[PDB]
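Below: the structure, in structure tokens.
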Amino acid sequence: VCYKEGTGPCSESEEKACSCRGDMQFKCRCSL
């Protein structure tokens with residue numbers, strides 16, 4: 001799951017891109 005935490009989730013170009021940090025087992029953050 002990738003969300004921008006503002007103005008909804010990440011863009012289609014953003015999730016395809018994912019700069020973006022995240023939690024373990026892994027700009028708008030992506031996590032489990």
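Following the order of the structure tokens, first chain is A, next is B, and so on, with residues numbered from 1 inside each chain and ligands from 1 in the order they appear.
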Running DSSP on the backbone, which parts of chain A land in strand (DSSP E), as a compact mmCIF listing (two decimals) with N, CA and C atoms, in the first residue's frame?
# COMPACT_ATOMS: atom_id res chain seq x y z
N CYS A 2 0.57 2.18 -0.88
CA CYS A 2 1.31 3.43 -1.00
C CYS A 2 0.33 4.58 -0.87
N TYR A 3 0.56 5.45 0.11
CA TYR A 3 -0.33 6.57 0.37
C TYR A 3 0.50 7.83 0.53
N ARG A 29 4.93 7.47 1.61
CA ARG A 29 5.49 6.25 2.17
C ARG A 29 4.67 5.04 1.77
N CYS A 30 5.35 3.91 1.58
CA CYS A 30 4.72 2.63 1.29
C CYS A 30 5.03 1.66 2.42
**Prompt:** Expressed in Å to a single decimal, how great is the separation between atom CA of residue 31 of chain A and atom CA of residue 1 of chain A?
**Reply:** 5.7 Å
**Message:** Residues near residue 5 of chain A, anyone? I mean within 9 Å using only C-alpha atoms, not counting same-chain ones fewer than 4 positions away, as JSON, numbers by chain.
**Reply:** {"A": [9, 10, 28, 29]}
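Reported to one decimal place, the separation of atom CA of residue 6 of chain A from atom CA of residue 25 of chain A is 23.6 Å.
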Using DSSP on the backbone coordinates, identify all residues within chain A classified as helix (DSSP H, G or I); present the result as a short mmCIF file (atom, residue, chain, number, x, y, z; two decimals) with N, CA and C atoms, in the first residue's frame.
data_model
loop_
_atom_site.label_atom_id
_atom_site.label_comp_id
_atom_site.auth_asym_id
_atom_site.auth_seq_id
_atom_site.Cartn_x
_atom_site.Cartn_y
_atom_site.Cartn_z
N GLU A 12 -0.39 7.33 -9.68
CA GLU A 12 -0.03 6.15 -10.47
C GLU A 12 1.43 6.20 -10.87
N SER A 13 1.93 7.38 -11.24
CA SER A 13 3.35 7.53 -11.53
C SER A 13 4.19 7.43 -10.27
N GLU A 14 3.58 7.59 -9.09
CA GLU A 14 4.35 7.53 -7.85
C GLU A 14 4.51 6.10 -7.36
N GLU A 15 3.43 5.31 -7.36
CA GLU A 15 3.54 3.91 -6.97
C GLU A 15 4.40 3.14 -7.97
N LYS A 16 4.28 3.47 -9.26
CA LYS A 16 5.16 2.86 -10.25
C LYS A 16 6.60 3.29 -10.03
N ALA A 17 6.80 4.50 -9.51
CA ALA A 17 8.15 4.95 -9.17
C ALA A 17 8.69 4.20 -7.96
#
